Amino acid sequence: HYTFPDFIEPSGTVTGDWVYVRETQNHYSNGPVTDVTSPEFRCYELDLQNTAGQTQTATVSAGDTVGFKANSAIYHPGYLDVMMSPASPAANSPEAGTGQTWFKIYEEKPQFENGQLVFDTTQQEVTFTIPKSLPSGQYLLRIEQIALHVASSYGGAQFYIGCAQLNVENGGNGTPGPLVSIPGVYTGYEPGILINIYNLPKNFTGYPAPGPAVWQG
């Protein structure tokens, strides 16, 4: 149970709560979204229609390292990913990211050792690189942790999400892919989402990361 209220800007400053990140519904409860088919799986805003317009947009350069800071240690075992979408008409529009335009730029997978998965549950700041070749333009940047501590049953996986609003400058001519929709990216039946992390399947050879591969940009 945690939120991602703070955008970490290119020079390493942790910005204010919900300044550049769309304030989420769980701003107080810290509870997860658990229905991957729901529209609110996209950015989980306090107000899906009003929150974007109350959120500022951060200017960055393609190639910059940026991040999020969680309100506590990211204490559930899971998979973490960061996905991006061009934001049309702009980063502060609620209609941004409603099409098949999302691509993955970063992930942190559990390790696999001795027939057991290995997790890091002590991280609070998550940082990563905005790809150098990413074209200039407005983008949504979505952090997602899939917490798997009770994921053995359908709808058991817990998703902790935040969407930052970006204005990306000094971009290249890359073509991000593969592309997915959110919701749409998951069914809930994926082997990395519906999973018993404590007693793994017989032919388990490593954590299968769900959704698109990381775009090499």
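Residue indices: 1-based, along the sequence shown.
Looking at 193 to 201 and 5 to 13 together, the entry lists the larger mean B-factor for 193 to 201, computed on C-alpha atoms. The stretch with the higher mean CA B factor, choosing between 43 to 51 and 23 to 31, is 23 to 31. The entry lists C-alpha B-factors for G67, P176, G162, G184, and the highest of these is at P176. For the set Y79, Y139, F112, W102, the PDB entry puts the maximum C-alpha B factor at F112. Ranked by Cα temperature factor within the chain, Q123 sits in the highest third according to the deposited record. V180: CA B factor lies in the lowest third for its chain, per the PDB record. Among the modelled residues of its chain, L117 has a C-alpha B-factor that falls in the highest third according to the deposited record. Annotation for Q145: CA B-factor lies in the lowest third of the chain's modelled residues. Split the chain's modelled residues into thirds by C-alpha temperature factor. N92 is in the lowest one.
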